[PDB]
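I have placed the structure first, in the form of structure tokens, so that the comments after it can refer back to it.
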Amino acid sequence: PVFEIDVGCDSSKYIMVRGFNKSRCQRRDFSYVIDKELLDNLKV
Amino acid sequence: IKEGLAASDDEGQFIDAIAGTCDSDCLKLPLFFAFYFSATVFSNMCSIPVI
């Protein structure tokens, strides 16, 4: 028996919030302006 | 239409522009209506003494 052990991350393991999915919920594009509450007028 | 579509609101679908004129500061209307109340009230005081 010849085998191999690797130390590192597989780049396939992560953390998901419960009840949240990527594309189960369909929607469209959004746009908004935020101001006066940041640490001057943001459009995102 | 332009790029737009900031927030909107819909349930079964989306991209639904609401009909009719939208108003965010339309609230001078009660003051204008009260002053028109007063104007009509004092306009109706005038014809009776004349007659």
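Labels for the structure tokens follow display order: chains A, B, ..., residues from 1 in each chain, ligands from 1.
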TODO: Give me the residues within 12 Å of segment 16-28 of chain B as JSON, numbers by chain, counting only C-alpha atoms and dropping any in the same chain fewer than 5 places off.
DONE: {"A": [28], "B": [1, 4, 5, 6, 7, 8, 9, 10, 11, 33, 34, 35]}
Generate a file of the selected residues that holds N, CA, C and O atoms, formatted as a short mmCIF file (atom, residue, chain, number, x, y, z; two decimals), in the first residue's frame.
```
data_model
loop_
_atom_site.label_atom_id
_atom_site.label_comp_id
_atom_site.auth_asym_id
_atom_site.auth_seq_id
_atom_site.Cartn_x
_atom_site.Cartn_y
_atom_site.Cartn_z
N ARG A 28 -35.17 40.54 -10.27
CA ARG A 28 -34.57 41.33 -11.34
C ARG A 28 -33.56 42.32 -10.78
O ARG A 28 -33.22 42.26 -9.60
N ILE B 1 -38.27 53.11 -21.37
CA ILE B 1 -37.98 53.75 -20.09
C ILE B 1 -36.46 53.85 -19.90
O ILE B 1 -35.70 53.21 -20.63
N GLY B 4 -33.58 53.27 -14.46
CA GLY B 4 -34.59 53.23 -13.41
C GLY B 4 -34.69 51.98 -12.56
O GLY B 4 -33.68 51.37 -12.22
N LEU B 5 -35.94 51.61 -12.23
CA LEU B 5 -36.26 50.38 -11.50
C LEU B 5 -35.50 50.30 -10.18
O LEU B 5 -34.76 49.35 -9.91
N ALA B 6 -35.68 51.33 -9.35
CA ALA B 6 -34.92 51.44 -8.12
C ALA B 6 -35.36 50.41 -7.09
O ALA B 6 -34.59 49.52 -6.73
N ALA B 7 -36.60 50.51 -6.62
CA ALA B 7 -37.12 49.56 -5.64
C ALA B 7 -38.30 48.76 -6.18
O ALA B 7 -38.21 47.52 -6.24
N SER B 8 -39.39 49.42 -6.58
CA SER B 8 -40.63 48.80 -7.03
C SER B 8 -41.21 47.83 -6.01
O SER B 8 -40.71 47.72 -4.88
N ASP B 9 -42.27 47.11 -6.39
CA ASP B 9 -42.86 46.07 -5.56
C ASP B 9 -43.84 45.23 -6.36
O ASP B 9 -44.75 45.77 -7.00
N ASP B 10 -43.68 43.91 -6.32
CA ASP B 10 -44.59 43.00 -7.00
C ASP B 10 -44.42 41.61 -6.39
O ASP B 10 -43.43 41.32 -5.73
N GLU B 11 -45.42 40.76 -6.62
CA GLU B 11 -45.47 39.43 -6.01
C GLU B 11 -45.34 38.31 -7.02
O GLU B 11 -44.44 37.47 -6.91
N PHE B 33 -57.01 73.76 1.02
CA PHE B 33 -58.44 73.51 1.12
C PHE B 33 -59.06 74.25 2.30
O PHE B 33 -60.20 74.71 2.21
N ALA B 34 -58.34 74.36 3.41
CA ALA B 34 -58.85 75.13 4.55
C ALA B 34 -58.92 76.61 4.22
O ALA B 34 -59.88 77.30 4.59
N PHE B 35 -57.90 77.13 3.52
CA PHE B 35 -57.95 78.54 3.13
C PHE B 35 -59.02 78.79 2.08
O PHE B 35 -59.65 79.85 2.08
#
```
Per-residue nearest contacts of chain A to chain B (9 Å; only C-alpha atoms) as a Markdown table:
```
| residue | atom | partner | partner_atom | distance |
| --- | --- | --- | --- | --- |
| A:27 | CA | B:14 | CA | 7.2 |
| A:28 | CA | B:14 | CA | 7.1 |
| A:29 | CA | B:5 | CA | 7.5 |
| A:30 | CA | B:6 | CA | 5.6 |
| A:31 | CA | B:6 | CA | 4.5 |
| A:32 | CA | B:6 | CA | 5.7 |
| A:33 | CA | B:6 | CA | 8.8 |
```
May I have the selected residues written with N, CA, C and O atoms, as a tab-separated table (two decimals), in the first residue's frame?
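Output below, filename selection_2.tsv:
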```tsv
chain	number	residue	atom	x	y	z
A	27	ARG	N	-35.58	37.06	-9.28
A	27	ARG	CA	-35.81	38.50	-9.13
A	27	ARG	C	-35.14	39.21	-10.30
A	27	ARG	O	-34.61	38.57	-11.22
A	28	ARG	N	-35.17	40.54	-10.27
A	28	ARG	CA	-34.57	41.33	-11.34
A	28	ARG	C	-33.56	42.32	-10.78
A	28	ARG	O	-33.22	42.26	-9.60
A	29	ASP	N	-33.08	43.23	-11.63
A	29	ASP	CA	-32.04	44.16	-11.22
A	29	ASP	C	-32.58	45.20	-10.24
A	29	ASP	O	-33.77	45.55	-10.26
A	30	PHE	N	-31.70	45.70	-9.39
A	30	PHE	CA	-32.02	46.66	-8.36
A	30	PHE	C	-31.05	47.83	-8.45
A	30	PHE	O	-29.99	47.74	-9.08
A	31	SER	N	-31.43	48.94	-7.82
A	31	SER	CA	-30.58	50.13	-7.81
A	31	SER	C	-31.02	51.01	-6.65
A	31	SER	O	-32.22	51.10	-6.35
A	32	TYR	N	-30.06	51.66	-5.99
A	32	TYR	CA	-30.42	52.45	-4.82
A	32	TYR	C	-29.33	53.47	-4.52
A	32	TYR	O	-28.19	53.36	-4.98
A	33	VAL	N	-29.71	54.47	-3.73
A	33	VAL	CA	-28.84	55.54	-3.28
A	33	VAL	C	-28.83	55.55	-1.76
A	33	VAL	O	-29.89	55.51	-1.13
```
Task: strand (DSSP E) call set, DSSP backbone run, chain A, as an NGL selection string - done: :A and (33-34 or 42-43)
- [ ] Please indicate the distance in Å from atom CA of residue 42 of chain B to atom CA of residue 29 of chain B, rounded to one decimal place.
- [x] 19.7 Å
